[PDB]
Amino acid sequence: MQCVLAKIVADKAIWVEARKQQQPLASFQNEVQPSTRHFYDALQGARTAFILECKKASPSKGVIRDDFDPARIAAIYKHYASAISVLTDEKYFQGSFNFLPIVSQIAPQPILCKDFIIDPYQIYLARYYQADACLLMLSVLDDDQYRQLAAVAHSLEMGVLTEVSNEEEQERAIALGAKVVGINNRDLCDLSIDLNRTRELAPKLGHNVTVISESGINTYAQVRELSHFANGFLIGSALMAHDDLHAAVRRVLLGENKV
């Protein structure tokens, strides 16, 4: 039919309205204080940085965590994460803006709102729920849109994870002087995965640009090999797909449990 990300944005627009009508910016605007946490800093260092994600379901795998509970998840993700990602999209990943606060309190790491942001309202909306940073996608926006949204987040003391999926987007994120570039291994059109994208698009990125490899990381071996190309990883399913969540972090992130 058509790209999956395409369908998603359609619904994201129809979603903000059904909520902009309900909870307009004015009904909370000048009441959202900047973020008292630093996303950008949290990902700095020579040590592999981890962005653990709380996700319940996805277009690619359906329902992942049959028994979701953003409370118990952050209770574990907090002992290891550099940052914690939270899908705030209900229709596709069964996420919810309320999960953000639920975590920002149980976990001290900067919270990242993982959603398809196409409206400044959304940024204002997440900051309201304690979202310490947001995700802007160069495959869903264009320079002007990005600058706009980029400026907005940088107003509320919020970090910006810039997602690139190809060389053109990479070159763009560079021209835009993006500070944290997330390279997505998943082709959001057909939902196919290729970890070489990380290998391909990171070498050029130069310093003062933290590279985060996102999606498809299933094993520790992959973490270890790809740590040669990226500064960090954003891992969702490899963790959410297991009941014993702590044992999962040991296997996948620490190459523990002796495999």
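Sequential numbering from 1, following the sequence displayed.
Chemist: Looking at the entry, does 172-180 or 153-161 show the higher mean C-alpha B-factor?
Modeler: Here the higher of the two C-alpha B-factor means belongs to 153-161.
Chemist: Comparing 80-88 with 122-130, where is the mean C-alpha B-factor higher?
Modeler: The entry gives the higher C-alpha B-factor average to 122-130.
Chemist: Say you rank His207, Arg197, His228, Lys56 by Cα B-factor from the PDB entry; which sits at the top?
Modeler: In this record, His207 carries the highest C-alpha B-factor of the candidates.
Chemist: Of the choices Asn185, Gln94, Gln105, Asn166, which one's C-alpha carries the largest B-factor in the record?
Modeler: Highest C-alpha B-factor among the listed options: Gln105.
Chemist: If you rank the chain by CA B-factor, which third does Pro70 end up in: lowest, middle or highest?
Modeler: Middle third.
Chemist: Can you tell me which third, lowest, middle or highest, the CA B-factor of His242 falls into for its chain?
Modeler: As the PDB entry reports it, the C-alpha B-factor of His242 lands in the middle third of its chain.
Chemist: Would you mind ranking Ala46 by its C-alpha B-factor against the rest of the chain and naming the third, lowest, middle or highest?
Modeler: Middle third, going by the recorded CA B-factors of the chain.
Chemist: By its CA B factor, does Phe233 count among the lowest, middle or highest third of the modelled residues in the chain?
Modeler: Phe233: CA B-factor falls in the lowest third of its chain.
Chemist: Can you work out whether the C-alpha temperature factor of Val63 puts it in the lowest, middle or highest third of the chain?
Modeler: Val63: CA B-factor falls in the middle third of its chain.
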